[PDB]
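Asker: This is final.txt (compact mmCIF, C-alpha atoms and all ligand atoms).
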# COMPACT_ATOMS: atom_id res chain seq x y z
CA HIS A 4 11.83 -46.05 46.81
CA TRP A 5 10.82 -49.40 48.38
CA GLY A 6 13.24 -52.28 48.55
CA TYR A 7 14.49 -54.95 50.93
CA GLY A 8 17.08 -53.05 52.93
CA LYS A 9 17.16 -51.73 56.49
CA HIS A 10 15.64 -48.39 55.66
CA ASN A 11 13.17 -49.31 52.92
CA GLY A 12 12.31 -52.99 53.50
CA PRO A 13 9.00 -54.72 54.32
CA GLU A 14 8.44 -53.00 57.71
CA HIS A 15 8.45 -49.69 55.82
CA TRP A 16 6.16 -50.54 52.95
CA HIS A 17 2.92 -49.63 54.74
CA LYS A 18 3.84 -45.90 54.57
CA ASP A 19 3.66 -45.81 50.77
CA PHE A 20 1.24 -48.74 50.43
CA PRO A 21 -1.22 -48.79 53.35
CA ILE A 22 -2.86 -52.03 52.06
CA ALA A 23 0.37 -53.62 53.49
CA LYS A 24 -1.72 -53.99 56.66
CA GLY A 25 -4.86 -55.16 54.85
CA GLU A 26 -7.11 -58.15 55.31
CA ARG A 27 -5.69 -60.52 52.63
CA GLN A 28 -1.91 -59.92 52.48
CA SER A 29 0.75 -62.45 51.29
CA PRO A 30 2.85 -64.35 51.92
CA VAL A 31 1.56 -66.40 54.92
CA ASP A 32 2.78 -69.28 57.04
CA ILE A 33 1.02 -72.47 55.85
CA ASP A 34 0.04 -74.37 58.97
CA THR A 35 -0.32 -77.87 57.52
CA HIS A 36 -2.32 -79.13 60.48
CA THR A 37 -4.88 -76.28 60.25
CA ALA A 38 -5.28 -76.27 56.41
CA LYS A 39 -8.50 -78.14 55.58
CA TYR A 40 -8.78 -80.79 52.88
CA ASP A 41 -11.37 -79.58 50.38
CA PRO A 42 -12.52 -82.54 48.26
CA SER A 43 -14.50 -80.28 45.94
CA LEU A 44 -11.19 -78.77 44.77
CA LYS A 45 -10.44 -79.80 41.19
CA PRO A 46 -7.01 -80.93 40.01
CA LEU A 47 -4.81 -78.08 38.77
CA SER A 48 -4.56 -77.87 35.03
CA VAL A 49 -1.19 -76.60 33.91
CA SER A 50 -0.96 -76.21 30.12
CA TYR A 51 2.47 -74.90 29.23
CA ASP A 52 3.11 -76.97 25.99
CA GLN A 53 2.87 -73.83 23.83
CA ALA A 54 4.55 -71.37 26.21
CA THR A 55 6.51 -68.67 24.37
CA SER A 56 9.21 -66.98 26.46
CA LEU A 57 10.62 -63.70 25.15
CA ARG A 58 13.03 -62.06 27.53
CA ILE A 59 14.58 -61.98 30.93
CA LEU A 60 14.82 -58.78 32.95
CA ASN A 61 16.52 -57.69 36.15
CA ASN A 62 13.96 -55.13 37.44
CA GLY A 63 15.95 -54.24 40.55
CA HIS A 64 13.88 -56.50 42.93
CA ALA A 65 14.16 -59.88 41.21
CA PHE A 66 14.55 -61.21 37.64
CA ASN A 67 11.51 -61.98 35.46
CA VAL A 68 11.32 -64.41 32.57
CA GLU A 69 8.48 -62.90 30.53
CA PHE A 70 6.18 -64.70 28.11
CA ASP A 71 4.06 -63.71 25.15
CA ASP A 72 0.61 -63.50 26.73
CA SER A 73 -1.23 -62.02 23.67
CA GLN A 74 -2.84 -65.45 23.01
CA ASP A 75 -3.88 -68.44 25.11
CA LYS A 76 -0.66 -70.43 24.99
CA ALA A 77 0.41 -71.16 28.58
CA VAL A 78 -2.60 -71.27 30.87
CA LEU A 79 -3.51 -72.38 34.39
CA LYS A 80 -7.10 -73.64 34.94
CA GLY A 81 -8.98 -75.81 37.42
CA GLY A 82 -7.97 -76.19 41.02
CA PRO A 83 -9.74 -73.38 42.93
CA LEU A 84 -9.94 -71.29 39.78
CA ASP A 85 -12.95 -70.32 37.68
CA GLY A 86 -11.91 -69.60 34.14
CA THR A 87 -8.60 -69.27 32.41
CA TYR A 88 -5.44 -67.62 33.68
CA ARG A 89 -2.64 -66.79 31.26
CA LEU A 90 1.11 -67.02 32.14
CA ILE A 91 2.79 -63.60 31.91
CA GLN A 92 6.06 -64.09 33.74
CA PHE A 93 7.87 -66.06 36.39
CA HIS A 94 10.46 -64.96 38.97
CA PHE A 95 11.98 -66.16 42.23
CA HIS A 96 12.65 -64.82 45.74
CA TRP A 97 15.74 -66.17 47.48
CA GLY A 98 17.97 -65.81 50.47
CA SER A 99 21.52 -64.89 51.44
CA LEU A 100 21.77 -68.37 52.97
CA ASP A 101 20.13 -71.73 52.13
CA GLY A 102 18.24 -71.44 55.42
CA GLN A 103 15.95 -68.67 54.22
CA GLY A 104 14.59 -67.11 51.07
CA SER A 105 11.03 -68.34 50.58
CA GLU A 106 8.07 -66.00 51.13
CA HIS A 107 5.50 -68.61 52.18
CA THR A 108 6.62 -70.91 54.95
CA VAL A 109 5.30 -74.35 55.88
CA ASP A 110 4.83 -74.90 59.63
CA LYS A 111 7.29 -71.98 59.92
CA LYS A 112 9.89 -73.70 57.72
CA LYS A 113 11.72 -71.40 55.29
CA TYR A 114 12.93 -72.78 51.95
CA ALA A 115 16.09 -71.64 50.11
CA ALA A 116 13.98 -69.79 47.50
CA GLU A 117 10.48 -69.70 46.01
CA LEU A 118 9.35 -69.64 42.36
CA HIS A 119 6.24 -67.60 41.38
CA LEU A 120 4.60 -68.27 38.04
CA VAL A 121 2.26 -65.30 37.59
CA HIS A 122 -0.96 -65.68 35.54
CA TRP A 123 -3.85 -63.28 34.91
CA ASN A 124 -7.60 -63.92 34.45
CA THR A 125 -8.27 -63.54 30.74
CA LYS A 127 -11.80 -62.23 31.44
CA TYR A 128 -10.19 -58.93 32.42
CA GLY A 129 -8.47 -58.55 29.04
CA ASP A 130 -4.97 -57.52 30.20
CA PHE A 131 -2.66 -57.85 33.19
CA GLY A 132 -3.06 -54.21 34.20
CA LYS A 133 -6.85 -54.52 34.47
CA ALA A 134 -6.60 -57.95 36.24
CA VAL A 135 -4.45 -56.62 39.15
CA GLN A 136 -7.36 -54.33 40.01
CA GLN A 137 -9.68 -57.34 40.49
CA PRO A 138 -9.99 -59.51 43.63
CA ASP A 139 -9.73 -62.62 41.40
CA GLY A 140 -7.38 -60.96 38.87
CA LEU A 141 -4.37 -63.17 39.31
CA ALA A 142 -3.36 -66.74 40.04
CA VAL A 143 0.23 -67.20 41.20
CA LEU A 144 1.65 -70.77 41.33
CA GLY A 145 4.29 -70.83 44.08
CA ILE A 146 6.90 -73.65 44.17
CA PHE A 147 9.48 -74.04 46.92
CA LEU A 148 13.11 -74.63 46.13
CA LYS A 149 15.37 -76.66 48.50
CA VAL A 150 19.11 -77.04 48.02
CA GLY A 151 20.30 -80.51 46.94
CA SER A 152 20.50 -82.07 43.46
CA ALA A 153 20.51 -79.66 40.50
CA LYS A 154 17.36 -78.87 38.57
CA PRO A 155 18.44 -79.32 34.95
CA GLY A 156 15.55 -77.25 33.54
CA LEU A 157 16.70 -74.22 35.57
CA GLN A 158 20.22 -74.17 34.21
CA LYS A 159 19.37 -72.17 31.09
CA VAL A 160 18.03 -69.48 33.44
CA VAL A 161 21.10 -69.51 35.70
CA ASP A 162 23.48 -69.31 32.75
CA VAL A 163 21.99 -66.09 31.31
CA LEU A 164 22.13 -64.27 34.68
CA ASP A 165 25.63 -62.88 33.90
CA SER A 166 24.11 -60.86 31.08
CA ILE A 167 21.48 -59.17 33.39
CA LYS A 168 23.59 -58.56 36.49
CA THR A 169 22.23 -55.07 37.22
CA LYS A 170 18.85 -53.32 37.45
CA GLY A 171 17.31 -52.47 34.06
CA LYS A 172 19.36 -55.00 32.07
CA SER A 173 17.37 -57.37 29.86
CA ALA A 174 18.31 -60.18 27.52
CA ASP A 175 16.54 -62.15 24.81
CA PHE A 176 15.40 -65.44 26.30
CA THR A 177 13.31 -67.40 23.82
CA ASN A 178 12.26 -71.11 23.80
CA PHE A 179 12.49 -71.55 27.57
CA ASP A 180 10.15 -74.31 28.70
CA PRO A 181 8.71 -73.64 32.21
CA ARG A 182 7.58 -77.28 32.46
CA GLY A 183 11.16 -78.10 33.40
CA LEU A 184 10.69 -76.15 36.68
CA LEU A 185 7.71 -78.15 38.07
CA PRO A 186 7.84 -80.95 40.68
CA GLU A 187 6.22 -84.42 40.05
CA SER A 188 3.14 -83.77 42.17
CA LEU A 189 0.61 -80.91 41.72
CA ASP A 190 -0.84 -81.24 45.28
CA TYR A 191 -1.34 -77.71 46.58
CA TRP A 192 -2.61 -75.39 49.28
CA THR A 193 -4.74 -72.38 48.20
CA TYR A 194 -5.87 -69.15 49.85
CA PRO A 195 -6.82 -65.63 48.79
CA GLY A 196 -3.94 -63.08 49.10
CA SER A 197 -1.95 -60.31 47.40
CA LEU A 198 1.12 -59.41 45.39
CA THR A 199 4.02 -59.87 47.84
CA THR A 200 5.76 -56.66 46.74
CA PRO A 201 4.40 -53.15 46.36
CA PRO A 202 1.77 -52.18 45.27
CA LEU A 203 0.72 -55.26 47.37
CA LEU A 204 -2.67 -55.40 45.61
CA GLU A 205 -5.16 -57.94 46.98
CA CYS A 206 -5.85 -59.56 43.59
CA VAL A 207 -4.18 -62.98 43.90
CA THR A 208 -5.48 -66.55 44.23
CA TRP A 209 -2.39 -68.21 45.66
CA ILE A 210 -1.73 -71.83 44.74
CA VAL A 211 1.37 -73.18 46.53
CA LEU A 212 2.57 -76.70 45.63
CA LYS A 213 3.32 -79.06 48.51
CA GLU A 214 6.31 -80.66 46.70
CA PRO A 215 9.47 -78.53 46.49
CA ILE A 216 11.93 -78.84 43.61
CA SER A 217 15.64 -79.39 44.41
CA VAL A 218 18.23 -77.01 42.97
CA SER A 219 22.02 -77.26 43.47
CA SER A 220 23.99 -75.02 45.78
CA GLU A 221 25.83 -73.71 42.65
CA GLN A 222 22.49 -72.86 40.94
CA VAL A 223 21.27 -70.81 43.97
CA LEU A 224 24.77 -69.28 44.33
CA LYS A 225 24.40 -67.73 40.87
CA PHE A 226 21.10 -66.03 41.93
CA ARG A 227 23.08 -64.38 44.72
CA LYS A 228 25.60 -62.83 42.27
CA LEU A 229 22.89 -60.55 40.87
CA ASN A 230 22.69 -56.88 41.86
CA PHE A 231 19.73 -54.72 43.15
CA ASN A 232 21.54 -51.60 41.86
CA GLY A 233 22.00 -50.35 38.32
CA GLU A 234 25.35 -50.57 36.53
CA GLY A 235 27.75 -47.88 37.75
CA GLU A 236 25.92 -47.64 41.09
CA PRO A 237 27.38 -49.07 44.29
CA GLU A 238 27.07 -52.88 44.38
CA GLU A 239 24.38 -54.37 46.57
CA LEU A 240 23.91 -58.08 46.04
CA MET A 241 20.36 -59.15 45.16
CA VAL A 242 19.66 -61.50 48.14
CA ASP A 243 16.91 -61.74 50.77
CA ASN A 244 14.35 -60.23 48.33
CA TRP A 245 11.57 -61.95 50.28
CA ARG A 246 8.70 -60.49 52.30
CA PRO A 247 8.12 -62.35 55.59
CA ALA A 248 4.89 -64.16 56.57
CA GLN A 249 1.87 -61.90 57.14
CA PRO A 250 -1.08 -62.31 59.55
CA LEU A 251 -3.64 -64.83 58.20
CA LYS A 252 -6.53 -62.80 59.72
CA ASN A 253 -9.93 -64.00 58.51
CA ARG A 254 -8.75 -66.62 56.00
CA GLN A 255 -8.67 -70.40 55.65
CA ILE A 256 -5.98 -72.22 53.71
CA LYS A 257 -7.48 -75.18 51.78
CA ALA A 258 -5.49 -78.30 50.82
CA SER A 259 -6.11 -80.23 47.58
CA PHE A 260 -4.89 -83.42 49.27
CA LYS A 261 -5.34 -85.47 52.46
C1 LIG B 1 -0.15 -52.07 32.72
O1 LIG B 1 0.62 -53.26 33.02
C2 LIG B 1 1.16 -53.57 34.28
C3 LIG B 1 2.43 -54.38 34.38
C4 LIG B 1 3.00 -54.64 35.61
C5 LIG B 1 2.33 -54.15 36.85
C6 LIG B 1 2.93 -54.42 38.18
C7 LIG B 1 4.28 -55.06 38.30
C8 LIG B 1 4.13 -56.49 38.78
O2 LIG B 1 3.74 -57.44 38.09
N1 LIG B 1 4.22 -56.68 40.19
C9 LIG B 1 4.20 -58.00 40.77
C10 LIG B 1 3.88 -59.18 40.14
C11 LIG B 1 3.88 -60.43 40.96
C12 LIG B 1 4.21 -60.35 42.29
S1 LIG B 1 4.28 -61.77 43.34
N2 LIG B 1 5.64 -61.52 44.13
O3 LIG B 1 3.16 -61.61 44.23
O4 LIG B 1 4.25 -62.96 42.57
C13 LIG B 1 4.58 -59.07 42.93
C14 LIG B 1 4.57 -57.93 42.19
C15 LIG B 1 2.13 -54.11 39.28
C16 LIG B 1 0.93 -53.40 39.10
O5 LIG B 1 0.23 -53.09 40.05
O6 LIG B 1 0.44 -52.95 37.88
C17 LIG B 1 1.16 -53.39 36.74
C18 LIG B 1 0.55 -53.13 35.42
ZN ZN B 2 6.98 -63.19 43.72
Could the structure of this file be written out as structure tokens, please?
Ligand SMILES: COc1ccc2c(CC(=O)Nc3ccc(S(N)(=O)=O)cc3)cc(=O)oc2c1
Ligand SMILES: [Zn+2]

Answerer:
Amino acid sequence: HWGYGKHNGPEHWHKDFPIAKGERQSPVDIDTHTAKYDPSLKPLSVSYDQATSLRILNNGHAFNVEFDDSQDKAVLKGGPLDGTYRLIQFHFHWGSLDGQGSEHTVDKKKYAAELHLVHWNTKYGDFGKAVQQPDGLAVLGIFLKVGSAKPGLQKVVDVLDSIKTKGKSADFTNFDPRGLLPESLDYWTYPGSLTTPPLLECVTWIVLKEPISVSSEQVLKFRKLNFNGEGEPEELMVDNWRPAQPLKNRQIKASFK
């Protein structure tokens, strides 16, 4: 089965998932000098006031904080987007060291980790239908750099001991994702894909220019997690990031000068 190790990591994925070598794969390096300002881009509209989190799950590749997406409660609109995209879950990708861990890079710079808030286009009715559509998803990507702690992340880091191994889940209600956002909503946008198998090309990527700062102790607790199930040999969950993919025939647009 796919993973992030020597024998099953991102160089191997194309054998099970040939779209790995497709025309709109993610992540990508964001070349800040080549991204064009697009003044017709609208401001991003993040409406998380009514977000309802339910649960947090170690799925063996990362941990997801899932939300109740059966009504329009936490939506992303505007920016490059047409219509309404509903929050379904967020997760992170992170490194074994502070020097690496993000999927997207900026002028080849790697951040310590990267947050992905995953939303689906409500005109497709459900997340499973949306992933099959070229404009099915909108993922908001936020870089994390190590410095001062992010207080709004701490509730997430503290529950990690209860989901150490693959398949473990834990109630996680009343978590407010607004506490994970940076001050600015300036962003780059391009068309891409899920960054893990099945690597479907269904994502409008929106990656915020401003990273959030998290403490070394916060990111250290991410690295205590396990890719394996309980009672299997311990492999730390670290370096669960796919490296930058060829941009090919795509332009990255900036929302800002
Ligand atoms: C029927 O419902 C579902 C629920 C989950 C998935 C999933 C699981 C999933 O959601 N993957 C996923 C989500 C987000 C990402 S990323 N790293 O690009 O933000 C990378 C991978 C994939 C899929 O094809 O069909 C599904 C259908
Ligand atoms: Zn992700």

Asker: Kindly give the distance, in Å, that separates atom CA of residue 140 of chain A and atom CA of residue 103 of chain A, rounded to a single decimal.

Answerer: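 About the pair atom CA of residue 140 of chain A and atom CA of residue 103 of chain A: they are 29.0 Å apart.
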
Asker: Please, which residues have at least one atom within 12 Å of an atom of ligand ZN 2 (chain B), using only C-alpha atoms and all ligand atoms, listed as a ChimeraX atom specification?

Answerer: /A:29-30,64-67,92-97,104-107,116-122,142-147,197-201,203,207,209,211,244-247

Asker: Write out as JSON, numbers by chain each polymer residue whose atoms come within 10 Å of residue 164 of chain A, counting all atoms listed in the file; drop sequence neighbours fewer than 2 positions from it.

Answerer: {"A": [59, 60, 61, 66, 159, 160, 161, 162, 166, 167, 168, 169, 173, 174, 225, 226, 228, 229]}

Asker: Restricting the output to C-alpha atoms, write the selected residues as a short mmCIF file (atom, residue, chain, number, x, y, z; two decimals), in the frame of the given file.

Answerer:
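Wrote selection.cif, looks like this:
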data_model
loop_
_atom_site.label_atom_id
_atom_site.label_comp_id
_atom_site.auth_asym_id
_atom_site.auth_seq_id
_atom_site.Cartn_x
_atom_site.Cartn_y
_atom_site.Cartn_z
CA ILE A 59 14.58 -61.98 30.93
CA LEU A 60 14.82 -58.78 32.95
CA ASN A 61 16.52 -57.69 36.15
CA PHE A 66 14.55 -61.21 37.64
CA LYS A 159 19.37 -72.17 31.09
CA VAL A 160 18.03 -69.48 33.44
CA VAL A 161 21.10 -69.51 35.70
CA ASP A 162 23.48 -69.31 32.75
CA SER A 166 24.11 -60.86 31.08
CA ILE A 167 21.48 -59.17 33.39
CA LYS A 168 23.59 -58.56 36.49
CA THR A 169 22.23 -55.07 37.22
CA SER A 173 17.37 -57.37 29.86
CA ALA A 174 18.31 -60.18 27.52
CA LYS A 225 24.40 -67.73 40.87
CA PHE A 226 21.10 -66.03 41.93
CA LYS A 228 25.60 -62.83 42.27
CA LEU A 229 22.89 -60.55 40.87
#

Asker: For ligand LIG 1 (chain B), which residue among A:233, A:250, A:196, A:215 is the nearest when counting all atoms listed in the file?

Answerer: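 Ranked by minimum distance to ligand LIG 1 (chain B), first place goes to A:196.
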
Asker: Give me the residues near segment 42-57 of chain A as a PyMOL selection string, where near means some atom within 9 Å (using all atoms listed in the file) and where sequence neighbours in that chain fewer than 6 positions away do not count.

Answerer: chain A and resi 68-72+75-84+90+92+174-182+189-191+257-261

Asker: Give the answer as one residue: which of A:20, A:7, A:114, A:231 has the shortest atom-to-atom distance to residue 217 of chain A, using all atoms listed in the file?

Answerer: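 Among A:20, A:7, A:114, A:231, it is A:114 that comes nearest to residue 217 of chain A.
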
Asker: Quick one: residues within 12 Å of residue 133 of chain A, only C-alpha atoms counted, chain neighbours fewer than 6 positions away excluded, as a count of residues only?

Answerer: 9

Asker: Please measure the separation of atom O2 of ligand LIG 1 (chain B) and atom CA of residue 6 of chain A, giving the value in Å to one decimal.

Answerer: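 Separating atom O2 of ligand LIG 1 (chain B) from atom CA of residue 6 of chain A is a distance of 15.0 Å.
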
Asker: What box, with edges along x, y and z, holds each listed atom of ligand LIG 1 (chain B) when 4 Å is added on every side, and can you state its centre and edge lengths in Å to one decimal, as lines of an AutoDock Vina configuration file?

Answerer:
center_x = 2.7
center_y = -57.5
center_z = 38.5
size_x = 13.8
size_y = 18.9
size_z = 19.5

Asker: Figure out the distance between atom CA of residue 251 of chain A and atom CA of residue 38 of chain A, please, to one decimal in Å.

Answerer: 11.7 Å

Asker: Measuring between only C-alpha atoms, which one of A:28, A:8, A:23, A:40 shows the shortest distance to residue 253 of chain A?

Answerer: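 Using only C-alpha atoms, residue 253 of chain A sits closest to A:28.
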
Asker: Which one is closest to ligand LIG 1 (chain B): A:205, A:110, A:19, A:41? Count only C-alpha atoms and all ligand atoms.

Answerer: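 Using only C-alpha atoms and all ligand atoms, ligand LIG 1 (chain B) sits closest to A:205.
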
Asker: Which one is closest to residue 227 of chain A: A:99, A:87, A:11, A:249? Count only C-alpha atoms.

Answerer: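 Closest residue, counting only C-alpha atoms: A:99.
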
Asker: Measuring between only C-alpha atoms and all ligand atoms, which one of A:240, A:109, A:216, A:134 shows the shortest distance to ligand LIG 1 (chain B)?

Answerer: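 Among the listed residues, A:134 lies closest to ligand LIG 1 (chain B).
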